[PDB]
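Chains as they are written, first to last, in the entry's author numbering: chain C, 21 to 36; chain A, 55 to 205.
Working notes for the structure below.
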Amino acid sequence: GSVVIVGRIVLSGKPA
Amino acid sequence: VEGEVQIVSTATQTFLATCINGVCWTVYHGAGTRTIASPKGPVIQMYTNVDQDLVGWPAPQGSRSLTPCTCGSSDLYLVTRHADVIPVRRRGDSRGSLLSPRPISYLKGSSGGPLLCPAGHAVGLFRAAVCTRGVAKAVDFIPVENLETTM
Numbered sequence: 021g022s023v024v025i026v027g028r029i030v031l032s033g034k035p036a
Numbered sequence: 055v056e057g058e059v060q061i062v063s064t065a066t067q068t069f070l071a072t073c074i075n076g077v078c079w080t081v082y083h084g085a086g087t088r089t090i091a092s093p094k095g096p097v098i099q100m101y102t103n104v105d106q107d108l109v110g111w112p113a114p115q116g117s118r119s120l121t122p123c124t125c126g127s128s129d130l131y132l133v134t135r136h137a138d139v140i141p142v143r144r145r146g147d148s149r150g151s152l153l154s155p156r157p158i159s160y161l162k163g164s165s166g167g168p169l170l171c172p173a174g175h176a177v178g179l180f181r182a183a184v185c186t187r188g189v190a191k192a193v194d195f196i197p198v199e200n201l202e203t204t205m
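Here is the structure:
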């Protein structure tokens, strides 16, 4: 098996 | 927009990873010896340290590394996989007590996440929750000093 990245957290709260 | 904290996932379990100093760190009891997926095929761990419950791959795309704490502070903040911030007073090199204990479910899936000092810098990775009867009152963590030496 393998670890997959399913989402991300931005600590600064920076908007896209 | 890049994230310091990636939300990772095994077939059988889900946790977090924290990017520090260009490495993507997380807990051994979650990743094991696994590889992290990438758009070019599986990537292997740069670091495995079953002793400290720690693995590290190269930082993925869409990530931003966290800075190691130098604040020395005892007022930490745990970030959960829901992006909740939990204040924790530090008790020891690798132990800290929630300021307001939460159900255990609240902290669930949030290991491998960061403990930050007031400046936002990494103090450690959330390692395991210490519960009395389903109520997390404190946490274990891999102090960042461990990551820095593992390198």
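In this text, a Cβ means the ideal position worked out from N, Cα and C, and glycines have one as well.
### Message
Looking at the strands, I want to know which residues DSSP matches up with residue 185/A.
### Response
Taking the second sequence and counting its residues from 1, the one referred to as residue 185/A is at position 131. Answer by DSSP bridge pairing, in chain order: 190/A.
### Message
By the 7 Å beta-carbon criterion, what residues does the stretch 57 to 68 of chain A contribute toward chain C?
### Response
57, 58, 59, 60, 61, 62, 63, 64 and 65
### Message
Among the candidates 150/A, 75/A and 173/A, whose CA atom is the shortest distance from the CA of residue 113/A?
### Response
As a working mapping, residue 113/A is identified with position 59 in the second sequence. Looking at the Cα atoms, 75/A is the closest of the given residues.
### Query
Per DSSP, residue 135/A is paired with what?
Sequence index remark: in the second sequence, residue 135/A carries index 81 (1-based). Answer is none; residue 135/A lacks a bridge partner.
### Query
the stretch 70 to 90 of chain A: which residues have C-beta closer than 7 Å to a C-beta of chain C, in chain order?
85, 88, 89 and 90
### Message
Rounded to the nearest angstrom, what separates residue 138/A and residue 85/A at their Cα positions?
### Response
Position 84 of the second sequence, counted from the first residue, corresponds to residue 138/A. Position 31 of the second sequence, counted from the first residue, corresponds to residue 85/A. So the two alpha carbons sit approximately 23 Å from each other.
### Message
So, for residue 175/A: in the same chain, excluding its five sequence neighbours on each side, which residues have a beta-carbon less than 6 Å away from its beta-carbon?
### Response
If you number the second sequence from 1, residue 175/A lands on position 121. Here the set comprises 121 and 123.
### Message
Measuring only the C-alpha atoms, how far is residue 73/A from residue 186/A?
### Response
Taking the first residue of the second sequence as position 1, residue 73/A is located at position 19. Taking the first residue of the second sequence as position 1, residue 186/A is located at position 132. Cα to Cα, residue 73/A sits roughly 31 Å from residue 186/A.
### Distance between residue 164/A and residue 94/A (C-alpha atoms, nearest Å)
Start at 1 with the first residue of the second sequence, and residue 94/A comes out as number 40. Start at 1 with the first residue of the second sequence, and residue 164/A comes out as number 110. For the pair residue 94/A and residue 164/A, the Cα-to-Cα distance works out to about 27 Å.
#### Entry: Supposed close pair residue 90/A, residue 81/A - CB separation, criterion 8 Å
On the second sequence, position 36 is the one that residue 90/A refers to. On the second sequence, position 27 is the one that residue 81/A refers to. Rounded, the Cβ-Cβ distance is 13 Å, inconsistent with contact.
### Message
Taking the alpha-carbon of residue 61/A as reference, which of 134/A, 107/A and 130/A has the nearest alpha-carbon?
### Response
Along the second sequence, one-based indexing puts residue 61/A at 7. Checking every option, the nearest Cα to that of residue 61/A belongs to 134/A.
### Task
Report the residue ranges of all alpha helix (DSSP H) runs contained in full by the stretch 75 to 103 of chain A; include only those spanning at least 4 residues, in chain order.
For the stretch 75 to 103 of chain A, whole alpha helix (DSSP H) runs of length 4 or above, ordered along the chain, are 82 to 85.
### Task
Return the Cβ separation of residue 172/A and residue 105/A in integer angstroms, given the expectation that the two are a contact with Cβ distance under 8 Å.
For the purposes of this step, residue 172/A is taken as the residue at position 118 of the second sequence. For the purposes of this step, residue 105/A is taken as the residue at position 51 of the second sequence. 30 Å between Cβ atoms; not a contact.
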